[PDB]
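Structure first, commentary second.
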Amino acid sequence: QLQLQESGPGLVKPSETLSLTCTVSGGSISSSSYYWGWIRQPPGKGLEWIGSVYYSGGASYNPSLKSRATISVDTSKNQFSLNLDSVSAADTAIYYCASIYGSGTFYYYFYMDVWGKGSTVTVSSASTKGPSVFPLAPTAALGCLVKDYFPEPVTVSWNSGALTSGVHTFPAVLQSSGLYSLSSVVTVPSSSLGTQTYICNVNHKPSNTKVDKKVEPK
Amino acid sequence: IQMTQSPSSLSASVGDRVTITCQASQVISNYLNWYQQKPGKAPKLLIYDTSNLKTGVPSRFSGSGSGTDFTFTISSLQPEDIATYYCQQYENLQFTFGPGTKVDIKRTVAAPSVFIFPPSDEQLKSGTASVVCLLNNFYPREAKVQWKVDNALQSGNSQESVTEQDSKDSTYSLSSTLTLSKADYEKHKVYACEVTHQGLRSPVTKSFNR
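Protein sequence lines, in the order shown, are assigned to chains A and B. Read in order, the letters of the first sequence correspond to residues 1 to 218 in my numbering. Read in order, the letters of the second sequence correspond to residues 219 to 428 in my numbering.
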């Protein structure tokens, strides 16, 4: 099974350049029936196709971004990368790399077979800041407060992924300080409060921070 | 030229047959595909070549169309089919996605479970205090939360965040965080958040002291 994984910086300063790399796994990038492309999704907007390349090197871009975007492929490393020059604030989006399957007798008929996970790219001159995790001590509810981090995103797990039911990870909110604040809670029965232990696995990739906070009552 | 997708938003109860339309910029010349993008995750195609569906996609999804007009139909809606649906078109060496159709589920009016959390001792030691008011699984999305410090309304120093509709019980969840300095937090004792919801006959308020 094909599986694509993005690997970008997450934060790029204005007027600088953005570089993301998409590594294909479970299958060779040097296949006749596949094109490899990039699609970005701005906050609260639709999907915008940036470009696409063939394993030989045949590039193809969207007219608006053709002046900036340059997508290259690396057969020896089994990956393809996007380079968007002169990045601006309007390019803050979630960049998805996708696998475009093509089959055809006369010309290829395309549909984007497999998609990537997505990279939250934020175009800002502000510096990176790691988060601070605080417990929300307590059917009773308990959670964690991930305050003062930049940029997005933050992924919060519970009990190393074992606890999943009834977990609500709220969307981040930008404070007046320019930093984001996130909250993730879970509703568990009151009887299990004393017996079972609860930990939230907060992870902030842009700052390379992984915090395992233990939430206890009182 | 112009690629449209109607309707923009949608709200239909579980079990309803809902159809969506897509209008390509030109007459179809390559495969038309349909993608399902749940909130947060990446798009996943369900239907390719207007009619065919990918292996593993449930039988309830279907599609048809010809020329410049196309349709996307689901026979029996289920709670995890809530997503923004896009239609893909490949013309003139360009992959163009439709505006998208946000579909929501109509649910029976549910009452929120209100929880109030005091600021942790670690945060108070740093010099700031944040008190959170949690609203668990309430329909519809419209709800009003007001902070009252010592039975006095507060404004400006609190911001809220609502989750996307659930995939199991189809309910929203809210979280408002009131932030004050450690000096201002020591000046008062009672902190409460009033929850005003249409599925709540009395404005439920939860408080604490110290």
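Even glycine gets a Cβ: it sits at the ideal position worked out from N, Cα and C.
Quick check on the DSSP output: what are the complete alpha helix (DSSP H) runs of length 4 or more inside the stretch 313-381 of chain B, in order along the chain? 339-344
A/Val173: contacting residues in chain B (beta-carbon distance under 7 Å): Here residue 173 of chain A is taken as the residue at index 173 of the first sequence, counted from 1. Per Cβ cutoff of 7 Å: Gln377 and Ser379.
Distance cutoff 8 Å, beta carbons only. Does A/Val73 sit that close to anything in chain B? Here residue 73 of chain A corresponds to residue number 73 of the first sequence, with the count starting at 1. It does not; no Cβ of chain B falls within 8 Å.
DSSP puts residue 222 of chain A in a beta bridge; with which residues? Nothing in the structure corresponds to residue 222 of chain A, since chain A is present only between 1 and 218.
When you check each C-beta in the stretch 259-280 of chain B against every C-beta of chain A, which residues fall closer than 9 Å? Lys259, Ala260, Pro261, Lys262, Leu263, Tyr266, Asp267 and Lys272
For the stretch 378-412 of chain B, list every residue whose C-beta sits within 7 Å of some C-beta in chain A, in sequence order. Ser379, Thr381, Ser391, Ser393 and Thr395
Can you find at least 3 beta carbon pairs, one from the stretch 33-41 of chain A and one from the stretch 87-99 of chain A, that sit closer than 8 Å? yes
Does A/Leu145 get closer than 8 Å to chain B when you measure Cβ to Cβ? Residue numbering aside, residue 145 of chain A sits at position 145 when the first sequence is read from its first letter. So yes, A/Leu145 belongs to the interface.
Leaving out five residues before and five after A/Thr75 in sequence, what residues of the same chain have Cβ atoms less than 7 Å from its Cβ? As a position in the first sequence, residue 75 of chain A is number 75, starting the count at 1. Cβ neighbours of A/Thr75 beyond the five flanking positions: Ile29, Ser30 and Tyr55.
If you follow the beta strand (DSSP E) that A/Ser157 is in, where does it begin and where does it stop? Against the first sequence, residue 157 of chain A aligns to sequence position 157. That run of the beta strand (DSSP E) goes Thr155 to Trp158.
A/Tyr149 versus B/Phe279 - alpha carbon distance: Here the question's residue 149 of chain A lines up with position 149 in the first sequence. Here the question's residue 279 of chain B lines up with position 61 in the second sequence. Rounded to the nearest angstrom, the two C-alpha atoms are 41 Å apart.
Just tell me which of B/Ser226, B/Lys324, B/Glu404 and B/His406 has its CA closest to the CA of B/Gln296. Counted from its first residue, the second sequence places residue 296 of chain B at position 78. Measuring from the Cα of B/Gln296, the nearest candidate turns out to be B/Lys324.
Given that B/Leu311 touches chain A, what residues does it touch there, using C-beta distances under 7 Å? Translated into positions along the second sequence, residue 311 of chain B becomes position 93. Those are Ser60, listed as they occur along chain A.
Given a threshold of 16 other Cβ atoms within 10 Å of its Cβ, counted over all protein chains shown, does A/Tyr180 qualify as buried or as exposed? Mapped onto the first sequence, residue 180 of chain A falls at position 180. A/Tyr180 should be labelled buried.
Between the stretch 228-244 of chain B and the stretch 79-90 of chain A, do three or more beta carbon pairs fall short of 8 Å? no
To which residues does DSSP link A/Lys66 through a beta bridge? Along the first sequence, read from residue 1 onward, the residue named residue 66 of chain A stands at position 66. Its beta-bridge partners do not exist; DSSP assigns none.
Residues of the stretch 36-58 of chain A in Cβ contact with chain B at a cutoff of 8 Å, in chain order, please. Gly37, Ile39, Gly46, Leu47, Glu48, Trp49 and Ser52
Which residues of the stretch 179-199 of chain A have a Cβ closer than 7 Å to any Cβ of chain C? Give them in chain order. No chain C is present in this structure, whose protein chains are A and B.
Could you tell me whether the Cβ of A/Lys66 comes closer than 8 Å to any Cβ of chain B? Along the first sequence, one-based indexing puts residue 66 of chain A at 66. So, not an interface residue.
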